[PDB]
Each structure stands twice: as structure tokens, then as C-alpha cells.
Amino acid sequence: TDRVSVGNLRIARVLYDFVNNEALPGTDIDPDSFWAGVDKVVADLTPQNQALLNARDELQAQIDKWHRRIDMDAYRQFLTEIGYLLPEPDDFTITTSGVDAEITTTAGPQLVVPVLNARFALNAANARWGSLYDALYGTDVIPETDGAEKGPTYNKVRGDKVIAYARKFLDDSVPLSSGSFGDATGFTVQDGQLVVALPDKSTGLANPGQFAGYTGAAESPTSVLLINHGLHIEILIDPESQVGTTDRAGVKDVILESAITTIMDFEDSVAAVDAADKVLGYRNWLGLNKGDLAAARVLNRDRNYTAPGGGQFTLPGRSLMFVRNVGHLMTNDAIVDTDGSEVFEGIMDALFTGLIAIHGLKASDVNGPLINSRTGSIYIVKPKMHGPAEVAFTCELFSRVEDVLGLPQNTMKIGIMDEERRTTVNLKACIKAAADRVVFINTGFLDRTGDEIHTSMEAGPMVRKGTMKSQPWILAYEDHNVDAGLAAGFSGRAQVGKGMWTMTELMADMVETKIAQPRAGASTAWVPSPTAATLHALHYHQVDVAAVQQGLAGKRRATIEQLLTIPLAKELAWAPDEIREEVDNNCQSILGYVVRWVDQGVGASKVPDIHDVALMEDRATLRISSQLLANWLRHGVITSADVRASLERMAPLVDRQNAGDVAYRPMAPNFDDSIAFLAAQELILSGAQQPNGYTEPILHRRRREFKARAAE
């Protein structure tokens, strides 16, 4: 037994040592008082945590039975009687205070990254600023048409298209008084105003207030800092660079303020099934908050400029960090009680990520340099909550953690993910439950659709996964989320977020279509990579989110009936080949993700889909796919032979898609010999029995089984 006893707790040594030697020192928290507080919080809050999970099961059994025995009036009457659909509270304004400008004020891209991957976490934090030239040149936003494709070395024709794209962007975002940036000859700062040399004349900006600063001398600036819709744009000037020599004004690059905030994730993008895994995550979270995290490589320093009217100012070189804790469901054996019962992981995350975040509020040799929150807040995204009482519980959890940490009450702020149906239909009350802590709400596709399928599992066969994206329930869910946030005063106070673009290489399509989200009044939305953050930033220059929000406020665009419109497939709406395609699709999604999760403990990566399109999904992809297949199985759309045959067809496909990975362990031809293959099979076959369709219990068990076999 490798555990430390503290009150009723038996703490894994690796965790206990991490906290004492790394997390605690520099916080001024007395270590014995901390550990006593951990024991007391776990003892006090565990019963309610369990009570809430029981209530999920109780409500769902009632819903299963109701469906087992189409009319909307009877259905919502039913949901109301069982306490699933609660009355809408009175109108109110959130009272959350001490929030940084990146959240209250700036609209822009939001990156989410697996905290267990230090290099990715570092790149994400550094992604507050990104190269537009690199993003345009390196992706298909500039088509690889004849002559303009990227080879082993610099293609000037392609670069010239990159340059022109960016010139057009500057014209659109920071218009000159006359002429185009495409005719620029040079830049100078005269009388604290930006002057752009043109061929036949000279010109300032149409709105000189968009001029924000510069580097080097006003005579010949090395860069020119502009602002639009709250976001900075820096024109780098160096006619001696590879591309500067080719440019008419010697422009080297255009740098965009990109990932304004980043979510460091402990939940669905990481595989962490024991104390050693949790410690890897906590240690990286620690390094980020101290500012000394280094990989293979380090965090960027802040950026120095001269204001138009002279005098120096500094801009943050890094993304403001949130941390995403796990939700209320799972336990982890990082801590067990006397009976050997595992402790609630969400409770542990609040205590440990909260402790660690104190370093990000400080700057010394002990706590590293670099401050995360200027206003003294800790930003925690709380996923997978079901309804307002589960939000209230999170409030109580954070309050008790603050007390243990010696922090001011309401220091720990909550990002409310709206990704469960019972939260969706009671969203206003969920926000009201956290009215003095809430700094965001957001929507998604996968997790929310996963819950949609599980909740109405007994209703009938569901439409295909692709179809879900355009279903009435989900479009109302998207608008209702914005409506509730705006009605509660989020504009100027808290983020209203939308979902992830998963197609990592389809940047042209993202740039074309993702603009719909800020057009919808979302002050942020999720991107999979620093490159995608820079490109998505374009949308926020193109759309005035603040103005969109002002025009939406007070509107009620969704009905409860729309929200409750179950995505049931019409009476036999598929051909055999369409059914086959959807089974293969889902089995491939499950296998492609699971094999990396169970075998290598990777919970996010570019996974080729069935059409070889690279997707960067998290564990929610598993929840939707396994629930859909379990549903089709449940209602006789497919057979158990169909499922097994697809898994066996797609498995070697997955193996093939993983050529080029040295640590990869093939699943075919001995399927029942691969723990990953069996995990994937189990997720489908036992899908209908999982609490709310959640995949963690199975995935965690299988990864743990794999670790034990690898050490035997």
C-alpha cells in the first residue's frame, strides 16, 4: 500500500508528495491545514454529490418508462411533474465581479487543450498572438491550385496570394482614408498618428483611433499596432526578411491577437485514470500558473510597444487561462477512503486546481513570474452539469474550497457548459444559481447530442449523426443559450460561447462557415489549434459581436416545444447502404479514438475519420457514436451482427490509418485479444446502461486494465 493517511482519507503517495513539494510552497497555505480541509470537504460534500447523481438516475428511469408506457403537451406536463422541467425564474442580472477584460470585454477565439500534453499546452498559451502569413500559407485557405501549391521550399506565387489576402483583410478591418493597403509604400508615425505612404499621395486611417501603437522609431517603425473590435493586429516591418524583400512596403508578416483565452483541460481531451496521470496534469497546470512550464519550449513574455502619443505600454503575450475540471460523475483512486471507496474526482479537481491556480495570481522566484488574472479570479469550466441544483452544488463546492485555501469568497469563477438537456431547458435557473460566479456559458454538438440520444433512448430510432447538426432541437438550443445569457446581462460581463470546429485541416471551410457563430452573437467559440485560432480571429474583425448582442437582447427566439423536439427518425427513412454507412461511420469513430485512448493514454489528437478527413474531437465523440449505435440496436435498425461486422471491418482500417506511429499496437486480426477493441465493443453493447450515456466508467476501466497488463 502506497498511500498517506489523513483523517478518513488514504492519499496516493505520488499525489501527496506533488502537493507538498510543488503545489503548496509559495502559497502561504499551511500544509496540515490544507490536508485537513481536503478531508473535511470530501466528507461534507460527498453525500450531496451522490444524491445529485441518484436523482439523475431516478429522473431517467421515469423517462424510460414513460416512453415505454408524440404528444408535446402531455410530455412537458410529465417533465414538469417529475421535477425535470422547472419554472423559469424572474429576470435578473448577473453580479459576477473582478473579471478580467479578456472575458468581460473582448470577443475572440477560445482554444481548448489537453493539460496532460505540455507542448500543446505551451503552444496554446502562446497562441494569444499568431502569424496570419503562416496560417494562410500553411493551410488550404489559400487553395493549392496550379502553381500555388506548397512544396519543400518557399513558393513565391503562393506567398504573393498570402500577402494579397492579408492586404484585403487590413482594408476591410482598418480602412485607410483613401486608397488600399495593397498600394502601401511605407509607414511612419507623425503627430501621434499613423501615416501610410501611397504612390501618388499619403494617407491616415479613416478612423485614427484604430492606431494603437508601434515599435522602433516613429520615423521608421519596425511594426505598427492597430486595433479593431477590441482585437490587436500588428504589421511587422522588415524589408530584409524572406518575404519582406518581395513586399511593396517591406511587410514581413501580419500578426493577429488570436487565442484570447485558453481552456486547460482535465476532462474530455485527456486520459487520466489514476494518481500518476492526475499528477502529470496538475504539474503542467502548476507550470503554467508559475510560468516556468518548459517542454522538449517556454511561455512567451509580454509584448512592448510605444503608444501613439508616446510612452510605453505592455500587452499580455499569453492567453488568459481557464481550467476545465471534471464534472460530478466520476471517482478516481488517487484518493480512497477507509473502505477503499474512490473519492469524487470533481471534488478533488476543485481543491487541487484551485490550490495550484493561486500561483497564477502571483509572481516571484517561488511562484514563477507571469500573472494569469489581473483582477484576482480563478476561472473554472464545470462540464456535464444537469440542472440548477447541480450548479448550486458546484457553488457550494467552490465556496468551501475557497475557505480551505484562505481565498476571498467568489474568487473561483464558473464557466457553465450547457451540454446536458436538463441544463438546456432550465438554463436561466442554472445561470441564476451561479449569478455571482458565472463568467461563461457555451454550447456544443457532441456531448449535448449524446445526452439528447440517451435521454430519449426509449422513444424510437434517432436520425443519423450528421443529421443531428441541423435538427430543430439543436438550433433552438443554440439560440436559447444566447437568449438566456444576453437576458442575464452577459454582454460586457461574461462570455457566450459556441462549439468546436473539429476539421483541423479544412481551414478554408472553417473560415467560410464558422463566421456564423459570432454572427449569432457568441462572444467566443472553440478552435482546435493555434493556427485555427488565428484564422477564426478574422471573423471577429468581420463581425461586431457587441453590436450583434445589443440587437438580440430582449428577444425570445426558442420555445420549450422546440427544445423538446426529440430527433426521432421518420418511419423508415434510410436505404440499406445509408444504414451501413452510418454504422461504419460510428464504429470507426469509436475505434479510431478508443485505440489511442486505451493503448497510449491520448485523449485528443488528429484522428482520420472514415473518409480520411482529420478530426480533433474529444471523448464526447464517443458518447454520441456509442449512444447512436446503442439506440439503433435498441430499436432494430441494425443487428448485433451488423455491429460486430462493422467493428471488424473498420478495425484494420484504423490500424492502417495509424501507420507512422511507432508505439501503435494493431487490433486486427486478433480482435478479442485487444483491450481497445473490447472497450469499443463494450461502449456500444453496454451503451444503453451507462449513466446518461457517459463513457468514462468503461473507458477508465479498460485503460486501467491495459496499464495492469502492460505491467505484468
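All residue numbers refer to positions in the sequence shown, first residue = 1. The term rigid core refers to the most C-alpha atoms you can superpose between the two forms while keeping them within 1.5 Å.
A fit on the rigid core, followed by a root mean square over CA positions in 6 other deposited structures of this protein, ranks 356 to 364 against 175 to 183 and picks 356 to 364 as the more shifted one. Stretch comparison, 457 to 465 versus 441 to 449: after rigid core superposition, larger RMS CA deviation in 6 other deposited structures of this protein is found for 441 to 449. Modelled in this chain, residue 32 is likewise built in all the other compared entries whose models extend past it on both sides, so a third of them omitting it does not occur. Modelled in this chain, residue 369 is nonetheless unresolved in at least one third of the other entries of the protein that span it on both sides. In this entry, residue 296 is separated from residue 297 by 4 to 9 residues of the deposited sequence that have no coordinates.
Higher mean CA B-factor, judged across 307 to 315 and 110 to 118 from the recorded values: 307 to 315. In this entry, 77 to 85 has the higher mean Cα B-factor, the comparison being between 77 to 85 and 455 to 463. For the set 338, 481, 513, 542, the PDB entry assigns the largest Cα B-factor to 338. In the PDB entry, the Cα temperature factor peaks, among 387, 592, 192, 489, at 192. Residue 548: CA B factor lies in the middle third for its chain, per the PDB record. When the modelled residues of the chain are ordered by C-alpha B-factor, residue 678 sits in the middle third. Sort the modelled residues of the chain by CA B factor and residue 46 lands in the lowest third. Split the chain's modelled residues into thirds by C-alpha temperature factor. Residue 54 is in the middle one.
Sort the chain's modelled residues by C-alpha temperature factor and residue 182 lands in the highest third, per the entry.
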